[PDB]
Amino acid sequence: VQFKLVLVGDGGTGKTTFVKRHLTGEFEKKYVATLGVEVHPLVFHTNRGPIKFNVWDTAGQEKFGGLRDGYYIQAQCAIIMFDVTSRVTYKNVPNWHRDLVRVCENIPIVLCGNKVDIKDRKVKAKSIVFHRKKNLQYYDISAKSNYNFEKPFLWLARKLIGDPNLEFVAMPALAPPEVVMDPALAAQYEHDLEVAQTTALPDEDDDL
């Protein structure tokens, strides 16, 4: 039960950071431009079963665009991403959209305005209307704060599975094993643990 999801938008808007948060739970602060595309599978557990997305995280910087619209072939859904701290990225949303629906003419598409965590917002809420005429779903999101991070995938999953009441459910939790530590490498986990103890956790001013 798997669906091809293409992710598009200008460079720097936070596409790869958004996926990676869903893959691993981490927040990558560095900007390493995506080269062509990166494919990751991503599974959600719903009350209607598991749904699997094959996420084609494509590249926003033109000089890294690779096959460009060639990535869109046979996509079943998509996310268009812009950055609400960068007006230029909203203004290009119509260009990504044009190129996406020339290849994929009838697929569910979400428009996501990322980085609403940043105090100085530039793309005002009232100004975000492109999606109305094109029947896109729209959400404010932040990959850094997780604000609404799940809503694009919950929406798409409802549209793909055909069930507006589909919800995410807790995966069942198998008993964990009773493993005793290895005395051969017990003198070794002094070091691995020393490093981690003296590396400071990121973002110590956060509420958590």
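The first residue of the sequence shown is number 1, and the count goes up from there.
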property	result
Across other compared entries, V180 missing in at least a third	yes
Mean temperature factor over C-alpha atoms, higher-scoring stretch between 11 to 19 and 193 to 201	193 to 201
Stretch exceeding the other in mean C-alpha B-factor - 44 to 52, 135 to 143	44 to 52
Among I161, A170, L154, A59 - the residue whose C-alpha B-factor is largest in the record	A170
B-factor third for the C-alpha atom of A175 within its chain	highest
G70 - Cα temperature factor, lowest/middle/highest third of chain	highest
Cα B factor band for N165 (lowest, middle or highest third within the chain)	highest
Where the record places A33 (Cα B-factor, split into thirds across the chain)	middle
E105 CA temperature factor, ranked by third within the chain	highest
